[PDB]
Structure formats: C-alpha cells, structure tokens
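Below: the structure, in structure tokens.
Here, each number is a calculation from the coordinates, and none is a lab measurement. As a convention, Cβ positions derive from the backbone with ideal geometry for all residues, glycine included, and neighbour counts pool all protein chains shown.
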Amino acid sequence: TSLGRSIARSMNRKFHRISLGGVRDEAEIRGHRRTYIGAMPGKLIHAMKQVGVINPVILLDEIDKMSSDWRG
Amino acid sequence: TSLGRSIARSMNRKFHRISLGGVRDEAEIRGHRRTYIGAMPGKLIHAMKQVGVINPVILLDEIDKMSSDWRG
Amino acid sequence: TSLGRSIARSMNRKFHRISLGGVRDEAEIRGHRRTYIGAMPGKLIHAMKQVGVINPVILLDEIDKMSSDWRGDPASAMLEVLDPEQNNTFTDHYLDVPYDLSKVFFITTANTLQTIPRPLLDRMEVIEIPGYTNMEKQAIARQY
Amino acid sequence: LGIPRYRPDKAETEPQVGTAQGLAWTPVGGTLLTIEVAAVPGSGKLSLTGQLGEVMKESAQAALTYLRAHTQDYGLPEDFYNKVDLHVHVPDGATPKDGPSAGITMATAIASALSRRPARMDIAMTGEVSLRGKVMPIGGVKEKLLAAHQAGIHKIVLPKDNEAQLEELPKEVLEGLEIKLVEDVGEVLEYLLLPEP
Amino acid sequence: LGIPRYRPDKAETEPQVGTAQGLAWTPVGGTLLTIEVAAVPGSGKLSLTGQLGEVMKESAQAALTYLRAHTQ
C-alpha cells in the first residue's frame, strides 16, 4: 500500500482504502432499496464523502477473495 | 466480437452483449418470484432493459458456459 | 413426432413431448422433499403445468434411453403413469396426492427394441417402422 | 340397480405365479389386497411400486433371506440377489396400520415369483414377520375376517398365538371359515402355492 | 380378566438358537430388546437393520473383531 501512498504524495491527492474481500452482493458497494433508512451507498461513495477532491486515488484491496452468493 | 459489431453497423441497429458464463439457476435466466421486494428479472431481461427499442441484436457470449443447477 | 401430431390432428387436444433421456434419478421426474431451499416438483408436474387440460396428446421422448443410479426404476413409474388407475397410486417425491393421468392420452417415442424396459415390455406392442425408399424419398420430396 | 361395482369370488388371484391376494386394513371397514410380484432377470437390486413403505422393503430383505436359507426346500435358484431385481406391486403403500399387516402374504407372493409356480385361491391371510421365520401375532382380526366373509373366502389362515382370540367373538362367522393354524411362513407357503417346490 | 396376555413369570422361551434379549432404558422405562441377527452366504459386506446409528456399526465391527480374535 505504501507504494500507492508514495504516489499519492507525488500527485496531490488524498489517499483512501476500502477492502473488498468479503462482500457477496451488489447492495453494499451498490445502493440499497431506497425506501427506508439503511440504504447506505458504496464504500467508494463513503470515500467520496471522505475525500474532498473529485480526483482521489482509491486503493482496491483483495479482489481475489470477493465472491457473489446472493443474486447480483 | 467484431463480427457482431460490424453486422450491427450494417443492419444499423444496436449491438449488445450478455455473457452466459457462470449462470446456474434458471431463475437467474427468468424472473425472480415477484412476492417480496428484492425480486429481479433475469439479466437476459435486464439486458433487454438496456436497449430501448424492441428489435436489437443480442449476442450470447459463450452459451456453453452455464450449468444445470437448482431452481430449474 | 409428426405422426403423434397427426393423432392430435385426429383428436383436437393439446400436444406435448418431453425427454426421458437426460434422466438419471427419480427425483428429477418427481420433485424433491421439502428439505432445502428450492424444493420444486420435477419434470412430470411442471410438464402437466405445460398442458392446459387433463386430456392431452402426450408424446414421450426417448423412453428406451434413461438412467437410474438408485433403487428401482422410473420405468416402473412409467408403468404407473401409463395406467390411469395407478395414477391414483402414482408416487410423489414432493407432492403428496397421486395425480391422475386418466384422460392424458399416451403414445411414446423410441428408437430401439433391444433396450426397452422389462417393466414396460408389458402393455407395449413393438412395431418396426421401416426407413424410406428412394422412390418414397422422391415422393415425399416433390409432394411435401 | 344396473351395474355392480364390486367383484365376484377370487378372479384376479386365479391361482397365479405373479399375484397373490392378502387381507388388508382400514379402521372404517377392512379390505384385501392382491399383491403382484414379478421376478425379472436383472442385477439383484430392489424396486418398490405403489407409493410404498420402506418397512415392506425390509420385510422383503427378511423373507428374501428366508428364501436364501431354504432354496433346496423348494428348488429355488441359488443366486437372484445378483440376477433378479424385483418389482413388488403392493397397492397403496405404507399402511396406517403402522408397518406390517400381511408380511406373510408378501413372502408368499415373492416366493411365487422366484418359483414361477402358481398360487392357490380361496385362501386369504395376514400376519407379521421376522428374520428367523417366526410369524408374529396380529391384533383385532375381526375386520380381516369380516371382509373375507364379504369376499366369500372361507379358508383364512392366522398366526398361532392368535388361537385364543377364537374364544371371544361370535363363532357363527368363525366356524363357517376353515382354519389351518400356522406359526411359520413356510407353512403358508406349502399351504398357499399350487406345487410344493 | 380374559385370556392371559403374557407368560406367567416367564418360564420358557425354547432357548435361543440365533438370537438374544437386551436390557435398555427407554425413558418410559426400559424393556427387553430381543435382537435378530441373520447370516447368509454372502460377500463380507454388512447389514444393519432396525433404525440403528453408526455406533451400532462400530460396536458390530468391534464385536466382529473380537470374534476375529476368537475363532479357533
């Protein structure tokens, strides 16, 4: 990760991390059913709430272990 | 893939794709039971829902890469 | 298949075909027990759901080509199906009342006389259909 | 009245290789079932037909073993556990009389298939079964004897320990039925098939 | 009281040829368990009947093994 942190130093961007190994749906990184509170957006969108720039460096962790069990 | 795209240029209607890798449920092909919130049509029907006119050129990517598993 | 369609042309009822090839188990034909998520009826009951009536013109596809890796035969159940009275005794692996196939007309489609089931050698008259003559092939050619 | 619904005297047993009649049980008025056993050359597996019960298969193992101990009693073949799958046809299956009622009938019919020898008729029976060839007693024989009296069957055979149940009911139905007391399934074999082997 | 339903203080069984009786505890109070064991000419396989757990196979294997130490 510190490689990408060296990059984010070099490019005036606010580095973030969000893991991915251990989600099985398009409901967590995707939106939920917006008909009740609990419909929280993506981890990515959480970062876009955290980051103040529209151009961040988003590290993407562990995509080999992310699966899909529920439909979507 | 380019044969599909170039024929789509020739007949002048929109190309599309949907993979047939991985799908094992017939209800993944068909709809889901419209009996609570959370039922989805199949990605065949979603892929129909992308194209906005009723005469497209659907490509079925690698149709021999599904399997015969549960719920049909 | 067209001959069975012609029998349906005689009787003005619904027509159907379904494979007895591609069977290795009874619980494909009947359902499964309600013992996991997705307990659905097998080939027969949904095949009846294909038919709008209880009197169709049924063709059965590849009766001489089946499998069963377990106890008994599904061809026993085909003798059960063949009999309207044994449809009041027809076993169900998901449902619990033996569905009646009385008015369901019965003619099957096969290719062999050698591999036909011994539990179905009763109530079957094996009639060999010959091939086609060059004269016959030309006749069917220029006519149809 | 027109057409009868109900049958004459035993015209579907008709002493037979493949079939054998056996008295059966409902608490609303008893019945009697002709069980149909065919011995087909195969690989020695088992089948069941009639939406049945597994305990019937169990008693088939038992009576099957009883055949496996006594082939030379009847000249029976010395390998059918690898050569003959069996499509036993009992009617409607696992009895609400919990488990068996006429295991001896099934054993006679299965022995009839392995013999390819005819049964006898005008005989009905019912009883419980065991490995060592011991017929086990039944309770409440009245319904079976009622319907056999309604069947016009007059030779009806029973387990030996039920012989004290003769002393309780009206005898006027009883003496009009012929009794041959048995304790063993081989007894209803030699009193139920037409030939001795 | 009618006919006697049982043996009078059990005095005869025409002694055991191939079987044996078993004290257990059913939780409605225990009972005899007359066991039946059947021996055909066969092929070294094993048959257990009478709704038995695997523990009965283990015991049977053990008992058979003890006999295998005790043949001659």
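Structure notes:
- Surrounding net charge for residue C:64, when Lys and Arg each add one and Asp and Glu each subtract one, Cβ distance under 14 Å: -2
- Rounded to the nearest Hz, the phi-derived 3J(HN,Hα) couplings of the range C:64-71 under the Karplus curve 6.51 cos²θ - 1.76 cosθ + 1.60 (θ = phi - 60°) are 7, 10, 9, 8, 7, 8, 9, 4, where x marks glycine and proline.
- When the convex hull of its Cα atoms is viewed from all sides, chain E shows a mean projected area of 8.3 nm².
- Listed by chain and number, the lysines whose C-alpha is less than 16 Å from the C-alpha of residue A:14, apart from same-chain residues fewer than 8 away, are A:43, A:49.
- A Stokes-Einstein calculation at 25 °C with viscosity 0.890 mPa s, built on the Kirkwood radius of the range C:59-130 over Cα pairs, returns a diffusion coefficient of 184 µm²/s.
- Considering only the protein assembly as shown, percent of DSSP beta bridges that pair antiparallel, nearest 5: 35
- With a simple spin-label model that places each label point 7 Å from the Cα along the Cα-to-Cβ direction, the separation between residue A:40 and residue A:53 comes to 2.6 nm.
- Of the GluC sites (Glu not before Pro) found in the range D:1-75, those in coil by DSSP whose Cβ has at most 15 other Cβ atoms within 10 Å are D:12.
- Sites count as exposed loop sites when they are trypsin sites (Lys or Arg not before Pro), lie in a DSSP loop, and have at most 11 other Cβ atoms within 10 angstrom; the longest stretch of chain B without one is B:35-72.
- Between the range A:48-72 and the range D:128-197, the Cα center-to-center distance that results, in Å: 79
- A Förster radius of 41 Å combined with the Cβ-Cβ distance from residue D:55 to residue C:10 puts the calculated FRET efficiency at roughly 0.30.
- Where GluC sites (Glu not before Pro) fall in DSSP loop in the range C:1-89, at most 13 other Cβ within 10 Å: C:85
- Rounded to the nearest 10 degrees, the angle from helix E:54-68 to the longest Cα principal axis of chain E is 70 degrees.
- Per residue convex hull volume, Cα atoms of chain A, in Å³: 95
- Each residue of the range C:116-128 was assigned a 3J(HN,Hα) from its phi angle through the Karplus expression (A = 6.51, B = -1.76, C = 1.60, θ = phi - 60°), giving 5, x, 3, x, 10, 5, 5, 6, 9, 10, 6, 10, 6 Hz with x at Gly and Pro.
- Proximal charge balance of residue E:48 [Cβ under 13 Å; K/R count +1, D/E count -1]: -2
- Hull-based mean projected area of the protein assembly as shown, where the convex hull spans the alpha carbons, in square nanometres: 48.9
- Panel order for D:67, A:20, by other beta carbons found within 10 Å of each beta carbon, from fewest to most: A:20, D:67.
- The amide H of residue D:22, built 1.01 Å from its N in the peptide plane, has D:33, D:34, D:35 as neighbours under 5 Å, considering only residues 5 or more places off or on other chains.
- Each of residue E:48 and residue A:68 was given a label point 7 Å from its Cα along the Cα-to-Cβ line. The distance between the two points is 4.4 nm.
- Computed E for residue D:171/residue C:118 - FRET, C-beta separation, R0 45 angstrom, nearest 0.05: 0.40
- Beta bridges from DSSP with both residues in the range D:19-192: antiparallel share about 55 percent, rounded to the nearest 5.
- Cβ-based net charge around residue D:27, under 14 Å, with every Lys or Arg adding one and every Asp or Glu removing one: +1
- Per-residue Karplus couplings for the range D:165-174, computed as 6.51 cos²θ - 1.76 cosθ + 1.60 with θ equal to phi - 60°, are listed in order as 7, 5, 8, 10, 9, x, 6, 6, 7, 6 Hz, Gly and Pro entered as x.
- Per residue Cα convex hull volume in Å³ - calculated over the range D:19-192: 99
- Neighbour-count order for D:191, D:6, fewest beta carbons within 10 angstrom listed first: D:6, D:191
- Coil-residue trypsin sites (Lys or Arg not before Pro) of chain E, DSSP, other Cβ within 10 Å capped at 14: E:5, E:10, E:45
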